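This report refers to the structure that appears directly beneath it.
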Amino acid sequence: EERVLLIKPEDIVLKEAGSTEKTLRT
Amino acid sequence: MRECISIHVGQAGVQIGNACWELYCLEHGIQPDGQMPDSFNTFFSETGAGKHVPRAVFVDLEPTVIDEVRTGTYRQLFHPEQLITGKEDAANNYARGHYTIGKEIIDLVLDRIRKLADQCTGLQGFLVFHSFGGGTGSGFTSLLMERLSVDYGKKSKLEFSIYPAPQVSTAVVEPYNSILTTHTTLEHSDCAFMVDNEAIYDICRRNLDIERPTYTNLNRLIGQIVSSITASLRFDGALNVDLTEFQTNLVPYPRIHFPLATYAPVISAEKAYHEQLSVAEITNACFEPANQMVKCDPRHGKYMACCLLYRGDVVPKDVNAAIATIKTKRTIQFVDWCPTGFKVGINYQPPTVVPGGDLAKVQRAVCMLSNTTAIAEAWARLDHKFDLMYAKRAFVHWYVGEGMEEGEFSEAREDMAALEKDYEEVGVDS
Amino acid sequence: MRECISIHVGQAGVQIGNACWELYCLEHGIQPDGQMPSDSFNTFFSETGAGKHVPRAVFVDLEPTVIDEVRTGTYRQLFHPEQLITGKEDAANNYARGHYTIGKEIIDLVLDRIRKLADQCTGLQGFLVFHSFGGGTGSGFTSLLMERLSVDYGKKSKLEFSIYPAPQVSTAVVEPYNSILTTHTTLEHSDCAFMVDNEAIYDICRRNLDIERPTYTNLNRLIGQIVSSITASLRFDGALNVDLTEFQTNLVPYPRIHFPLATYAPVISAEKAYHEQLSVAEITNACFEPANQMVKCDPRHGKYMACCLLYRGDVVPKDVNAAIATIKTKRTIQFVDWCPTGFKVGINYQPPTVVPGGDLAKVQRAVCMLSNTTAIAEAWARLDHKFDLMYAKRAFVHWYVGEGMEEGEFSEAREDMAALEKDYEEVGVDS
Amino acid sequence: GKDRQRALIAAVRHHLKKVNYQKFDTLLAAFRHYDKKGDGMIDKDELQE
Amino acid sequence: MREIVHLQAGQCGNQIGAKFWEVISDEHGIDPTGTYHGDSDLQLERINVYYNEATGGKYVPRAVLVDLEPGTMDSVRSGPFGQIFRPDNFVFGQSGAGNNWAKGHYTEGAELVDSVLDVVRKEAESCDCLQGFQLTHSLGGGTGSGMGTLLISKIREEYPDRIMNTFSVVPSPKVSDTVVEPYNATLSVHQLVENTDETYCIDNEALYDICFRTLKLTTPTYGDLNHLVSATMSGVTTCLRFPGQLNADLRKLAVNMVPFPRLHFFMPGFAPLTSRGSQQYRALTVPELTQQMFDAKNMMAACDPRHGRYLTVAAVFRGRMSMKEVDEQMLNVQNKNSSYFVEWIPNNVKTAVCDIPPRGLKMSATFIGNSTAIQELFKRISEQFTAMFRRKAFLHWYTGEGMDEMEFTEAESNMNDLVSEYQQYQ
Amino acid sequence: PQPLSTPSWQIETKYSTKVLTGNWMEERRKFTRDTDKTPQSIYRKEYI
Ligand SMILES: Nc1nc2c(ncn2[C@@H]2O[C@H](COP(=O)(O)OP(=O)(O)OP(=O)(O)O)[C@@H](O)[C@H]2O)c(=O)[nH]1
Ligand SMILES: Nc1nc2c(ncn2[C@@H]2O[C@H](COP(=O)(O)OP(=O)(O)OP(=O)(O)O)[C@@H](O)[C@H]2O)c(=O)[nH]1
Ligand SMILES: Nc1nc2c(ncn2[C@@H]2O[C@H](COP(=O)(O)OP(=O)(O)O)[C@@H](O)[C@H]2O)c(=O)[nH]1
Ligand SMILES: [Mg+2]
Ligand SMILES: [Mg+2]
């Protein structure tokens, strides 16, 4: 999903503070 | 390499294996044509064309239920000699399925079992799906499992059985064919999971909010247990169990191999996203009596051994913090000779939802196979009904006129009377 | 080596500490990150070997709603994450809740951090405990903290800065109750308890600073200026330096009369300092004018026992002594007969430090005054009057009853304060 | 006078959220199923079908 | 010069050895490919101790990886460091042990040894002057307790004069995970107390205690517990591979902690643990390591040392420091806590000094301690064994494999004698 | 010496780390600050 553009580079954020998972901007 | 050869006997085993082998097709992503669009090696064998054929046997003595598999959606998947049909059914009798009708096709079944054992470079054991209350499921099975022990001695023989419900019952002479076939399930069996229909009828009503279910709504929930037991062989996890491993941790004595199965969480699609599916609140549901899939109450009895088979995003810290608070309930009792009563198996893959199904897409699930003494309550209510019928000598001429003596009736009551007598002696604490 | 330890209890003390630690960081040129940009800090800060600096304070509160403000604020990189001690429910302005029931669940965690700071300290000089009388937390928690620290450390000075309840404006209804229950135990486990009210600072901000509607940040900055001025004699070098124990002995002639008052000079805006020169005599007379006491009381009624003047900046003893002589020759200030030498002065070579965005002017000198007066007996008489007007009909009593506090302790505290007021009268009368 | 509008919008949005979660394992598959034309954008007739 | 031949067996030994071979790959500057990427010459000076030279400048571990179930060798080969372990060092059986000590010691565990005993003999003679062995396994399982402790008997008979130090995983009443662990725990202790030289008892519940209270992490996993165990394992042989002031091998830790041949059980502790938030706000100094060292919340065994007496104490130190503060700190704790050491032996505290600290840390210290409180570990196993052997429970997995019922009788009798020997020396 | 929000065996409903309940400060930050070089020995440091 990160490889697959539909989403700008600013759209990807970390899920929490100091967490490995990535989510989208609300 | 690690793989199981599944056996389905009777009209029950075909309709359980219709909804069980549906999930194995969907768990490994197997198309109904038989091809992918090595975890599948546990069931699906390879071929040079790239297609996958299951390692299963479907047995019945009527061609009425197998012809629908042969003319249904999955006609290209099952091998043409992995669906064996008899011409005439056993007609709700033990003697027909054990001596006259069930003897003419045992030579054909043995050859196909001998084939699928030869392709198996390593075989773990056999899994059986049948019915206690049927003619083929109790008559033909009692000669297969006798004959399986002669050829393959130390192989495991697990069992998923359809036991009579305490109140409702579909067949009149079901208590005869429930009592008489137990002898094959003592010496020639290793672990006998039992599920009945009233104990699943109540579950789909008060949990799934389905007012009017049918057998396809029951066969999927039975089909969800068998994948959770096998899931450690198939997919990676933190702690893996096996047919050698959880037989070690659930039967202390060779005559006690009768656990009770359960499954949680069991909810609908609408209710799922408002609750928190905590690790504590999927293991507290299993210990409740309303989630039991055998109509008996563990409050009367005492646990001996238990096993927990987790799937999904499960942390081992959450398991131990939920097990620790379980031990402080006074309502759950244990015998004094088992201070360590849990086995933990962790598998990474979360369960998969079927299209058109009733269960929701969840992240965590646990199947607990608990051994108790309260299963002796179930047999007493069935041993009560057998002697009430046998006192007036009813329906006996159907049995002695087909090939067994009338002396197998006295053996049937006296053999499992000691199996009753085994449970009070074991249930007494040291 | 000469170091002090700070404790911040209750919302008022926590926010005053929030104001003052920024002031100390800007005086020493230290970022909230903790490192200097590229040994006078040894009184207050401790050098971590990595390069950071940490403060010697413990911020404790039974409610998280004001300390989570510090934790999520811009000073998250300053304190120590185990010094910040939280409860789960406040005292709800209840002394029994602050001292008997919820105050016992966290005091071991309170004392363990203090023990660790004492073990880190190569030298110890005293305690700086910041709270308010009015609230239940700042009225109850400090009592058991004082008795536990008096059990732990025997003869260490315990300087205690309390927001005093103003006679007219106050924000609580059990404030006389909380003040009396604090001063029941404050007499026997303290040596130097300074009082600050709200209405005097309100009047000063309205008249001297020409600020119509002041917020709490102005009050907290001014109190931080007071604390920085009083601890500058321990931080920096001066011609006449004042130590904690020695001015405690100066300010406490009798063991039961230990409630002094503090004033600051000069407090003016930026416009008036351009036009006015502030000579030393004018500044120290503005100390003695009735409009510049930061506790609302009438100074003409009471006399002065002993007082200390702590000067900051270019201040010279020639005009210090000349100004003291002028104050003595002025007739309206009346001193007690048994104390001829009631003036003690100290001088520091370092100027005051402004805060950017503030309302205080830039000056070349300043002074902090500490005085021992008998004028606060009127405020305490008013406090006893409002207390026994509540106690006549037993108002607001059953909450303290149900929390775990008895009834006769009210009467014991009331008679103890009556005895203290009579002691004030008995030391006011002269042979 | 928009309470019926808000209730209907909330019901449709929640139903679409749960249907997408139960049918599609990921989000890119859901977007590609919603947009059949492959233009990268979702149109009104695509949304209604 | 002198080398340690690591052994790992079972599922637990493979995962511990997955993390053990990670930090000594980190400290010597070893990439996952196999080559060397380091910044100092001290790391390459003694690298032959654990890593064997090959073509292309490639270093491979001198360890065997043994299990009866291939379910965990596939994963450890597909980990971050799975390329570096030699494929000839993966010995695998096809049938799982199944939590039975009998299957792993007479039927399946008695056949696969001859392949393991072959491949360890090729590697043992390749060493110049082999120091000894080291092993990690699990008592609660089938393969580690069964066939791991069978190699204990066989390789001790072939080489008498070596060093055998073990890293066992004893069961836990609170983190209990298997029904028949009392049987495979008790019957393996009988093999341990005679054929080993030192024993370091790792426990599962004593590691959750550290991560909750000392390390401040809400949801630990096995990847965090194995790091703490692998931190000690690198820190126990730290002076065999780096210079120092007073360096000590595995011989000198054994001749100073073992006064009698049946007194060879320890429990270890690790000094520098702090929290995540207070990583940079705590000064790390010689008094601070000593205070963290001797507390009961830092111990890696489920036994309280206050209920017993320390017999003898070892401490090894890594990092640049002052020699005087080392001598004074463990003399003060020896003098103040006079009742917590026995009075018939003086100088119960052993000191060793290394010079290189671990990566990203500046001073570190490992504590190895023989204590009488390890009796409390074996008494709780004994009370579960008697309460379950009296009902003849689960025996058909043991009698039906080739044993007699008296093997449980002698296993409980010797373990009752080992706890009898600790009490008289208290 | 136990804080009121230390991790333990008590079962509690866990929310996201944004919400200031339970332990949030310890989970907000990152564990790793582990970068250093080997600082050599007494013998080479002293004998020159
Ligand atoms: N829950 C559930 N029960 C089933 C299912 N199929 C059959 N049964 C049970 O099986 C009982 C009847 O036994 P059958 O399997 O139909 O009979 P049989 O084994 O073929 O023996 P004969 O009829 O003599 O040939 C019914 O009472 C059902 O309760 C099923 O798919 N799900
Ligand atoms: N100068 C100043 N005084 C304050 C401040 N906040 C509260 N006070 C004083 O505190 C008195 C009441 O006590 P509070 O601080 O509100 O409550 P508390 O002391 O924290 O005790 P709890 O209510 O239990 O938390 C009031 O009369 C105020 O005069 C502040 O920010 N600055
Ligand atoms: N701390 C820790 N414990 C482990 C690890 N792997 C397994 N265990 C423990 O070992 C027990 C199961 O051991 P088992 O797999 O049956 O051993 P085996 O049969 O000999 O391979 C579990 O209760 C785990 O708690 C690990 O990496 N770390
Ligand atoms: Mg049929
Ligand atoms: Mg408050």
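Quick check on chain C: helices-only [θ] at 222 nm, where DSSP H runs of length 4 and up contribute -39,500 (n - 2.57) each and the sum goes over total residues. Nearest 500, please.
Values: 14 runs with 175 residues, N = 431.
Estimated from H runs of four or more residues: -12500 deg cm²/dmol.
Mind checking the alpha-carbon convex hull of the stretch B:260-374 and giving the volume per residue in Å³? Mind dumping the intermediate values first?
Working: hull volume 12.4 nm³, N = 115.
Enclosed volume per residue, from the Cα hull, is 108 Å³.
Averaged across E:170-182, how many Cβ atoms of other chains sit within 10 Å of each residue's Cβ atom? Mind dumping the intermediate values first?
Numbers: counts 0, 1, 2, 2, 5, 7, 10, 12, 9, 15, 7, 3, 3.
If you average over the peptide's residues, the count of other-chain Cβ atoms is 6.
How many nm is it between the label spots at F:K45 and C:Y75, if each spot is 7 Å from the Cα in line with the beta carbon?
3.8 nm
Rounded to the nearest 0.05, what FRET efficiency do B:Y201 and E:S95 give with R0 = 41 Å and r taken as the Cβ-Cβ distance? Could you check?
Numbers: r = 41 Å, r/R0 = 0.99.
Rounded to the nearest 0.05, the efficiency is 0.50.
Can you list the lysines whose alpha carbon sits under 18 Å from that of B:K329, skipping same-chain ones fewer than 8 residues off?
B:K302, E:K174
Find the centroid of the Cα atoms in the stretch B:142-191 and in the stretch B:352-430, then give the distance between the two in whole Å.
Using only Cα atoms, the two centres lie 9 Å from each other.
Can you give me the convex hull volume of the Cα atoms of chain B, divided per residue and expressed in Å³? Mind showing how you got there, number by number?
On the way: hull volume 61.8 nm³, N = 430.
Taking the convex hull of the Cα positions in chain B, it is 144 Å³ per residue.
Take E:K174, E:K19 and order them by how many other Cβ atoms sit within 10 Å, fewest up front.
Details: E:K174 14, E:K19 21.
If I rank by nearby Cβ atoms, fewest first, I get E:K174, E:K19.
Treat the count of other C-beta atoms within 10 Å as a stand-in for reagent exposure and order E:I163, B:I326, A:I7, B:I16 from fewest to most. Can you show the working numbers first?
Details: E:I163 20, B:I326 16, A:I7 12, B:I16 25.
If I rank by nearby Cβ atoms, fewest first, I get A:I7, B:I326, E:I163, B:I16.
Using the C-alpha gyration tensor of the protein assembly as shown, what are the square roots of 5 times its eigenvalues, in whole angstrom, with the largest one first?
On the way: eigenvalues 1111, 326, 195 Å².
Square roots of five times the eigenvalues give 75, 40, 31 Å.
Normalise the Debye intensity by I(0) for the stretch E:184-250, one equal point scatterer per Cα, no solvent, then take log10 at q = 0.19 Å⁻¹ and round to two decimals.
Evaluating at q = 0.19 Å⁻¹ gives log10 I(q)/I(0) of -0.93.
Counting other beta carbons within 10 Å of each residue's own, what order do E:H307, C:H8 fall into, fewest first? Show your work: numbers first, answer last.
Working: E:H307 12, C:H8 27.
So the ranking, lowest neighbour count to highest, is E:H307, C:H8.
Just to be sure I follow: if Rg is taken over the C-alpha atoms of the stretch B:56-105 and Rh is the Kirkwood radius over the same atoms, what is Rg/Rh? Write down the numbers at each step before the final one.
Numbers: Rg = 12.0 Å, Rh = 11.6 Å.
Rounded to two decimals, Rg/Rh equals 1.03.
Give me the Å³ per residue figure for the convex hull around the C-alpha atoms of the stretch E:265-374. Mind showing how you got there, number by number?
Numbers: hull volume 12.2 nm³, N = 110.
Once divided by residue count, the hull of the stretch E:265-374 is 111 Å³.
Eigenvalues of the Cα gyration tensor times 5, then square-rooted: what semi-axes does that give for the stretch E:8-167, in whole angstrom, largest first?
Numbers: eigenvalues 154, 66, 33 Å².
Gyration-tensor ellipsoid for the stretch E:8-167: 28, 18, 13 Å.
Write down the percent of antiparallel bridges among all DSSP beta bridges whose residues are both part of chain E, to the nearest 5. Could you put the intermediate results ahead of the total?
On the way: 18 of 49 bridges.
Bridges in chain E that DSSP calls antiparallel: roughly 35 percent.
Loop-only trypsin sites (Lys or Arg not before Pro) in the stretch B:132-176, please: DSSP not H, G, I, E or B, and at most 12 other Cβ atoms within 10 Å.
On the way: sites: B:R147, B:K154, B:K155, B:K157; in loops: B:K154, B:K155.
Loop-located and lightly packed - B:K154.
Let's see if you can work this out: charge +1 on each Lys and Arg Cβ, -1 on each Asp and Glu Cβ, no other charges. What is the dipole magnitude of the stretch E:1-88 about its Cα centre, in debye to the nearest 20?
Working: 7 positive and 13 negative charges, 39 e Å.
In debye, rounded to 20, the stretch E:1-88 gives about 180.
What number results when the radius of gyration of the stretch B:115-225, computed over Cα atoms, is divided by 2.2 N^0.38 Å? Spell out each step's value before the answer.
Values: Rg = 16.1 Å, N = 111, 2.2 N^0.38 = 13.2 Å.
Normalised Cα radius of gyration, the stretch B:115-225: 1.22.
Take the Cα coordinates of chain E, assign each an equal point scatterer, and use the Debye formula without solvent to give log10 I(q)/I(0) at q = 0.11, 0.13, 0.14 Å⁻¹.
-0.85, -1.21, -1.41
Just report the Cα centroid separation between the stretch C:210-279 and the stretch B:273-315, whole Å.
If we compute the Cα centre of each part, the gap is 68 Å.
When the distances between all Cα atoms of the stretch B:320-397 are binned every 10 Å from zero, what whole-number percent does each bin get?
For the stretch B:320-397, the binned pair fractions read 11, 26, 21, 22, 15, 4 percent.
All of the numbers you see were taken from the coordinates with simple rules; none came from a lab. We place every Cβ from the backbone using ideal geometry, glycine too, and count neighbours over all the protein chains shown.
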